[PDB]
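Next comes just one chain, in structure tokens: the form deposited without its partner chain.
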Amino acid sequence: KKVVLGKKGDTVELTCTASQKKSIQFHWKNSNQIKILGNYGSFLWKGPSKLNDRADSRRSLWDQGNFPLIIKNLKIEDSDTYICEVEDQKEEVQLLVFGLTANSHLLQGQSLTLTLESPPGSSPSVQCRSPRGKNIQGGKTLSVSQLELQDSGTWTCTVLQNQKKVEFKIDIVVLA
């Protein structure tokens, strides 16, 4: 029913909304049907999960029909489809997590490549914006032929997936 993009190391919030703004039995599962978390009355429980203790909800929002699943320190493998079952409803949300690094000592003139880490089933495409403003494009693996001092700085790469966006900022050390 929905798609969410996340960055490696960050925290993402997957939403689940019930009809009436009133706390009620809910729980989240991964695509393999393994229970991640939910409540038993006022208690919050967790099941055996490849997400270990990086998962949580947000109690405060429970009174108004919001039972989110928050996963911190995202791993590429945390990508999957999560299913929240609330009041005879089944909200689905697919999480696609991406990572972005560079080759890197990078010398003035040598070429640098920006490799995007992607999860199964993804079909990404990258587009960055140099420190100066040069918007070299790319996809799976983007790169820049011959660097220069003026390229040292913070690059702003944008990854597009399912027509959705996620931003990355990386600092390059273009030596001389």
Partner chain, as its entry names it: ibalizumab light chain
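Positions refer to the first chain, counted from 1.
Keep in mind the form solved in complex with its partner chain is missing from the figure; the text below concerns it.
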Item to check | Distance check, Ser122 to its partner chain in the deposited complex, heavy atom within 4.5 Å | outcome: yes
Checklist entry - So in the deposited complex, does any heavy atom of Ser145 sit within 4.5 Å of its partner chain? => result no
Checklist entry - Any of the heavy atoms of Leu74 lying within 4.5 Å of its partner chain in the deposited complex? => result no
Checklist entry - Heavy atom to heavy atom, is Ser130 within 4.5 Å of its partner chain in the deposited complex? => result no
Next on the checklist: Just to confirm, with a 4.5 Å cut-off on non-hydrogen atoms, which of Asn135, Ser31, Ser111, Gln150 contacts its partner chain in the deposited complex?
Outcome noted: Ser31
Checklist outcome for this item: Across 55 to 84, the residues having a non-hydrogen atom within 4.5 Å of its partner chain in the deposited complex turn out to be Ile76, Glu77, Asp78, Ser79, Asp80
